[PDB]
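One structure is given here, and the rest of the page talks about it.
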Amino acid sequence: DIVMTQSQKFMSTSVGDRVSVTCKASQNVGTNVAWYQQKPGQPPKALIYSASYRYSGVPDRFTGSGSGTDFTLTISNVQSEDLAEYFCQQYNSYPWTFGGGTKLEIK
Amino acid sequence: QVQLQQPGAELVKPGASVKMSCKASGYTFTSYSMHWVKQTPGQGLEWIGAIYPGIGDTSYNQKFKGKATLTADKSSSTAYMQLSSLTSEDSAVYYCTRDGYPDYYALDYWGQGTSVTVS
Amino acid sequence: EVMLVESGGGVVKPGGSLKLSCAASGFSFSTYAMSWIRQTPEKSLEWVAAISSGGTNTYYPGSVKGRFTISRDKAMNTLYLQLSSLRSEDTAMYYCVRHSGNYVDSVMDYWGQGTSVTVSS
Amino acid sequence: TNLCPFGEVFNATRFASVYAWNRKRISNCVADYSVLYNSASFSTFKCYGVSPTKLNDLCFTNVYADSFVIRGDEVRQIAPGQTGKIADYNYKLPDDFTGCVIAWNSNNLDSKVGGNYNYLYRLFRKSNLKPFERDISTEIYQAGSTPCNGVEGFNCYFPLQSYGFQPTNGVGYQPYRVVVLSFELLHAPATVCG
Amino acid sequence: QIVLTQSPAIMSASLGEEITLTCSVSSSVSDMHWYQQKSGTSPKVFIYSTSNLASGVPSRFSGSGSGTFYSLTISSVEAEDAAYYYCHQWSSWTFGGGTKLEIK
Ligand SMILES: *[C@@H]1O[C@H](CO)[C@@H](O)[C@H](O)[C@H]1NC(C)=O
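Chains as they are written, first to last, in the authors' numbering: chain B, 1 to 107; chain A, 1 to 119; chain H, 1 to 121; chain G, 333 to 526; chain L, 1 to 104.
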């Protein structure tokens, strides 16, 4: 199968800074990637699809970038809601395989 | 307004089989395929499988082939998953998601997730 | 007002014949599609024959096709159902039914009284 | 008199699937519309802007006969405005129609004991049709997020499904042959008059 | 072919309460008609085209649906509404099951 292995597991930045989390796909999954946010006790909220767009109801600091083999979710100007667990799945071929995930805590 | 609702938590004894129900409201049920995912502090998220309620075509992950079966029905307005060969390892929180391909690509709307603990 | 009564149902032998007549009165007979409907003792209704407004169309199900023949007589204002080769599964009540439109398309407005057919001995 | 061909579009030997309907352009006639309206064979003769008795006295410069075959219960979707799986994806009529929709039962010619698997219909499409836009595209429809890449495994269904026409289906699933006449007014001399 | 199923084969509602009847079709059909039959009487039409109350039925019944699911709902079940309710459409050759309703 395919696996999207995020490079790192733990980040720690303070409110008012930028943090970027990467996610590398083993095969050529094209630009078919999606990002999810989740805080403990809630379902993973949808944030980004096609690796650069934005679902209805999301701020403009949730920038998505990359394509091909590596993708990035960059959160510029971290704020009161950008502190959660972030996942990156591909869906270029069945089955869909989610990413490991990363966590953000105040520096 | 689209909402996918599910029960809270199910108590099950090992070796048995349990069924989970996910019913959605706010859209045409038969046109958007329903996916199932499983979360746990061990392996993050995993893709159980998917069901197309309109036709009935099912797809399953390699890991969960034969260990879980998905069904649905038009008049039911709810997807169902029954867990074959339960063990203490399969205690996890199971989410029901919608694909939504035409307007939005990935899993856009999620259920609340049912926490199943085999003990 | 509109009223339909049937006659001709009784006791017959297996593989025998019979002719159920339906004398309609209260409306112009040649502008409504009509049908017969049998109800078995299990209280299960079953479309068994249907004729259009004119008479150029008759539709029978797969069970009775080749044994029941529906017919219409506009002058005498009657509707006939000629049975034949009656198995033992045809014990039932038979209702004369008048559709609302000029085709078998529409709803079944008025249901006749009905007549019983018993096929044995 | 050189009457129209209405003996090769009405009582033909085999009609066409509804997803690829047959369009026959009738012109240069002296047509006889009153033979159709007084034939007692058709179960549905609905004229949608023309007086069916005043049909026989009025010139037009082109007629189009759109022949196909559907279910009896799906004939309702051949009216201006109605929607379904036929009016949406297979054959769409505009809501300014000036013609007559004709149909009759065809269980004697279009049914086999095991079933006629030759009358297809389009079950899946991206968006609805617009008036008189047939679509012969036998390529795979994708109803899921995963790209399809042209293989029909899962959420990659074949768009056309075949009617199963047995002789015992009901008076509403037996095959009904629909012939839709649509009249035209091009700024040019009138041919089809009658 | 088409099979029309009605569930359940018996229901019991206390007077003045609201009941609901379901008719599920094997495949897609446009409309659906609901007939009523009491014990010892030839049936009577109540609803045609899934939502039109016949001329004579009380104005308390209702019904709607589409595709492969239709429903007839009685708002205030009375003593008189104790009978069999069959669903049938043009495309079946056989009426539905029939949910024998009896007041509780
Ligand atoms: C089609 O052919 C039959 C052959 O008997 C004929 O009776 C009928 O009138 C014809 N219909 C038309 C519209 O020409």
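Note that CB positions come from ideal geometry on N, CA and C, so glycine has one too.
**Study point:** Which residues DSSP lists as bridging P507 (chain G), in chain order
**Key:** G:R403
Check your understanding: Does any CB atom of chain G fall closer than 8 angstroms to the CB of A92 (chain A)?
Key -> no
Point to revise | Unbroken stretches of the alpha helix (DSSP H), 4 residues or longer, contained in the region 335-420 of chain G | key: 366-369
Exercise for review: Over the uninterrupted beta strand (DSSP E) stretch that includes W35 (chain B), give me the two end residues.
Suggested key: 33-38
Review point. Does ligand 1 have a heavy atom nearer than 7 angstroms to the CB of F497 (chain G)?
Key: no
Check your understanding: Is the beta carbon of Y32 (chain H) less than 8 angstroms from the beta carbon of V104 (chain H)?
Key -> no
Check your understanding: Can you pull the DSSP bridge partners for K45 (chain B)?
Key -> B:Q37
Exercise for review: Step through the CB atoms of chain A and report whether any lies within less than 8 angstroms of the CB of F486 (chain G).
Suggested key: yes
Point to revise | Per-residue burial, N61 (chain A) [other beta carbons within 10 Å of its own, 16 or more giving buried] | key: buried
Exercise for review: Report the rounded CA-to-CA distance for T22 (chain B) versus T74 (chain B), giving the unit in angstroms.
Suggested key: 8 angstroms
Exercise for review: Would you mind reading off the limits of the beta strand (DSSP E) that contains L86 (chain H)?
Suggested key: Counting along the chain, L86 (chain H) falls outside any beta strand (DSSP E), and DSSP gives it neither H nor E.
Practice item. Identify, in the order they occur along the chain, each residue of the same chain with its Cβ nearer than 7 angstroms to the Cβ of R466 (chain G), setting aside the five sequence neighbours on each side. Key: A352, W353
Practice item. Return yes when at least one heavy atom of ligand 1 lies under 7 angstroms from the C-beta of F342 (chain G), else no. Key: yes
Check your understanding: Can you find a C-beta in chain L that's less than 8 angstroms from the C-beta of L45 (chain H)?
Key -> yes
**Study point:** Reference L452 (chain G); option with closest CA among G:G339, G:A348, G:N360, G:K386
**Key:** G:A348
Exercise for review: Please list the partners that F87 (chain B) has in chain A, where partner means a Cβ-to-Cβ separation under 8 angstroms.
Suggested key: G44, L45
Check your understanding: Is any heavy atom of ligand 1 found at a distance shorter than 7 angstroms from the C-beta of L441 (chain G)?
Key -> no
Exercise for review: Can you have a look at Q79 (chain B) and say buried or exposed, based on whether 16 or more other CB atoms are within 10 angstroms of its CB?
Suggested key: exposed
Check your understanding: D70 (chain B) and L104 (chain B): beta carbons closer than 8 angstroms?
Key -> no
Review point. Less than 8 angstroms separating the beta-carbons of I434 (chain G) and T376 (chain G)?
Key: yes
Exercise for review: Give a yes or no on whether the minimum CB-CB distance between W34 (chain L) and chain G is below 8 angstroms.
Suggested key: no
Practice item. Use the C-beta contact count for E6 (chain H): other C-beta atoms within 10 angstroms, 16 or more gives buried, fewer gives exposed. Key: buried
**Study point:** is_contact[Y85 (chain L), chain H] using C-beta, thresh 8 angstroms
**Key:** no
Practice item. Rank A:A16, A:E10, A:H35, A:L83 by C-alpha distance to the C-alpha of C96 (chain A) and give the top, closest one. Key: A:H35
Check your understanding: chain B beta carbons: is any one of them nearer than 8 angstroms to that of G8 (chain A)?
Key -> no
**Study point:** 9 angstroms Cβ cut-off: residues of chain L touching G112 (chain H)
**Key:** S42
Practice item. Check whether the Cβ of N32 (chain B) lies closer than 8 angstroms to any Cβ atom in chain G. Key: yes
Check your understanding: Quick one: which chain G residues come within Cβ less than 7 angstroms of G54 (chain H)?
Key -> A372
Exercise for review: For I10 (chain L), count neighbouring C-beta atoms within 10 Å of its own C-beta (all shown protein chains included) and say buried if the count is 16 or more, exposed if not.
Suggested key: exposed
Practice item. Count the C-beta pairs between the region 80-90 of chain H and the region 402-419 of chain G that are closer than 8 angstroms, then say yes if the count reaches three, no if not. Key: no
**Study point:** Contact check, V382 (chain G) vs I358 (chain G), beta carbons under 8 angstroms
**Key:** no
**Study point:** With 16 other Cβ atoms within 10 Å as the buried cut-off, status of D31 (chain L)
**Key:** buried
Check your understanding: Can you find a CB in chain L that lies within less than 8 angstroms of the CB of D73 (chain H)?
Key -> no
Point to revise | For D90 (chain H), the three-state DSSP class (helix, strand or coil) | key: helix
**Study point:** Contacting positions in the region 62-96 of chain B - beta carbon closer than 8 angstroms to chain A
**Key:** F87, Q89, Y91, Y94, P95, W96
Point to revise | Contiguous beta strand (DSSP E) assignments of at least 3 residues, all confined to the region 61-103 of chain B | key: 62-67, 70-75, 85-90
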